[PDB]
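**Student:** Can you read through this structure? Questions will come right after.
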Amino acid sequence: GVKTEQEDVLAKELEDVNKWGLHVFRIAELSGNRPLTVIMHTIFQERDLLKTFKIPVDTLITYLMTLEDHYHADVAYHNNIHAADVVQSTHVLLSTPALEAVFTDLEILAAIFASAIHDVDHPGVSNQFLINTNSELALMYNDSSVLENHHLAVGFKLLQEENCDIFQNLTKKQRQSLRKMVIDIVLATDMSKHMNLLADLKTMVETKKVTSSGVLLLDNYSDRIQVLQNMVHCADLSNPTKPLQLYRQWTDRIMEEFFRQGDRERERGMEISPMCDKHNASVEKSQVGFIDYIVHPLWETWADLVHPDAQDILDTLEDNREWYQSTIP
Ligand SMILES: [Mg+2]
Ligand SMILES: [Zn+2]
């Protein structure tokens, strides 16, 4: 009735589940390539979500293993490890002092479930690639947020497999509200929405109201969903805010995926996508442009929203940017 020795070492790595910089690659190795299942299970137990939503534990495990199996192990970045990392990063952002007791259990479930499914069945190429190749997915979704529409349909469709309906005890009212929030969050992970999300978060920082002692005031769906959308988008673009040991591994994986897309774009004579040309690549310059144009404006605005809970994350991001700028041949 006692853990194996590998399960013990896994359990001791999982004591960091509440911290920015969890060794998620190590958890992936120790769990037998089950990072998403074991991190989701830990978070569901820690936030008491099984008792609150009357989720049978065998149903939760069956769904999570099924969801994890529909991530592609032959994809370097957009796989179950990336899903697990965004879940755990969203878990940490939801615990920020500035957001203490703001969100309902259903909103918390929506943000975590959204994170878990947000990239499921990613084929390791971009929307633009799927549109330009006349792929079946681009035709199903009429070329509009093709991947993000697919991630949602799969995450939901998998609830219908044998003993997978983790929402079986929610009321129709709970399920309709959960589903709308999950759909709103995952569609907001399409980078084509980044500038609009960031504009709305900036507006929200300018007109920021707070409660008695810290803690934001969010008193309408538009505002509550905007913060949840920006939080998961922050978790999705969190790699450059992590310790450099972690960030680097993320950068190696994204560049593998992108160069592999570039190879397919070349070997068929298409325009080679930005950063996808392994012949003409400046990885260090790419990372500095990515931070200066996308990640830093986002995380700086988020840091403003939850002042000063995100100071160390913003500092780590600035250190990594200086590090990458300091290389640049
Ligand atoms: Mg995505
Ligand atoms: Zn993602």
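Chain A uses Swiss-Prot numbers throughout; the residues present, in order, are 385-713.
Each Cβ is built from the backbone N, Cα and C atoms, and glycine gets one as well.
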**Student:** Can you pick which of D503, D505, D574 Swiss-Prot lists for the same AMP site as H462, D620, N623, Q671, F674?
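**Tutor:** Candidate in the recorded AMP site: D503.
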**Student:** To which of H466, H475, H534 does Swiss-Prot also attribute binding of Zn(2+) 1 at the site defined by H502, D503, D620?
**Tutor:** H466
**Student:** Out of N623, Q671, which of the binding-site residues has the smallest number of neighbouring Cβ atoms within 10 Å?
**Tutor:** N623
**Student:** Enumerate in sequence order the recorded positions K387, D503, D620, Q671, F674 whose Cβ-atom distance to ligand 2 is under 6 angstroms.
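**Tutor:** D503, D620, in sequence order.
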**Student:** What recorded positions among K387, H462, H466, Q671, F674 are found with a C-alpha within 10 angstroms of that of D503 (AMP binding site)?
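**Tutor:** So the list is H462, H466.
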**Student:** Ligand 1 is in the model; which of the recorded positions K387, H466, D503, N623, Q671 have a C-beta less than 6 angstroms from one of its atoms?
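**Tutor:** From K387, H466, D503, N623, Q671, counting a Cβ under 6 Å from ligand 1 as near, the near ones are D503.
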**Student:** Quick one, of the recorded positions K387, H462, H466, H502, which Cβ has the fewest other Cβ within 10 Å?
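**Tutor:** Fewest other Cβ atoms within 10 Å, among the recorded positions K387, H462, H466, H502, is found for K387.
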